[PDB]
Every structure is written in structure tokens, then in C-alpha cells.
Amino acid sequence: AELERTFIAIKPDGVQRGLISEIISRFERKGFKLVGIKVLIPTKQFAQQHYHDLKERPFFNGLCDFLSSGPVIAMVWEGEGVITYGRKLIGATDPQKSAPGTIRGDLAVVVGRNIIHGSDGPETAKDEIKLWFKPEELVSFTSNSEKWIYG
């Protein structure tokens, strides 16, 4: 249960707006642990693979062109219910409908530039991790704070 993992990615707008430290702190200070991270520029190809679910939607091409229009911070966070909470933390899809206190609510204005992405379910989480990370890049260790975060 405390081994659940989710995929979080700071999209290009987030990175180009210098929200890395800020976004990372919301997950770090919560008690979740960073078991994988990397910077990279998705190829339009790769982008389409990540969005394979939306391949036949109007905005599909835009999403792919955008997700590959700049650097991206890919991450994998471990923790109990981290997938669900990662979303609670991220906020509504549209910033204008997210409550202050959530990442999108505090740091973004409109849907098209909603700075971050988080897995929306246990399965997509696994797929998304499998797609952005080679198992060698992932880590396994016990945080010192674990005794007090879960006990």
C-alpha cells in the first residue's frame, strides 16, 4: 500500500515558468518520496505514445506538439494513496476551477497551459511509469522519515 507509485510530469509551460522547486515541494513536504526523476524533451512521437488514449480527438495534435515544445520534468513518486492524492494536489483539469492551495489553482490560469500532469488511476500510473522510465532509473530505499510517516 505504501509502495504505490504515480507519474508526475511538469510540462513545458511549468518548466519554462520556473515551477520545478515549487511543484516538487508540494510532494516532498507531504511525505511522499521521489523514486525517479529526469529532464528531457519529448519527441512528437513519444508524446503521441503518452497520449495514445486521445489519438482521435481534435486537440490530440496540439497536446503532442506542446508536450514536445520544450523541456519536461518527469517524476515517479512513491507513497500510500499517492496516485489519488497526487491528483488532489494537482487540482482540477482547468485551473479556473481548481481551489487555491492546489498546484493548478495557485500556479496556472487556463486549461491549455495547466503546467503539470499526474496519473489518473492505478493502471495508467503503471503504464505511464513503464513508458517514461527504464527500471534502472527508478530507485528503492527506505526514507528515514518512514517510521514517522506510516508507523
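Start at 1 and count along the sequence shown; that's the residue number.
Q: Per the record, averaged over C-alpha atoms, which has the higher B-factor: 61-69 or 109-117?
A: Looking at the record's C-alpha B-factors, the answer is 61-69.
Q: Per the entry, where is the mean C-alpha temperature factor higher: 40-48 or 86-94?
A: The stretch with the larger mean CA B-factor is 40-48.
Q: Ranking every modelled residue in this chain by its Cα temperature factor as given in the entry, which third contains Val35?
A: Middle third.
Q: Please place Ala1 in the lowest, middle or highest third of its chain by C-alpha B factor as given in the entry.
A: Its C-alpha B-factor belongs to the highest third of this chain's values.
Q: How does the C-alpha B factor of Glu128 compare with the rest of the chain: lowest, middle or highest third?
A: For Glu128, the deposited C-alpha B-factor lands in the middle third.
Q: When the modelled residues of the chain are sorted by Cα temperature factor, does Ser143 land in the lowest, middle or highest third?
A: Top third by C-alpha B-factor.
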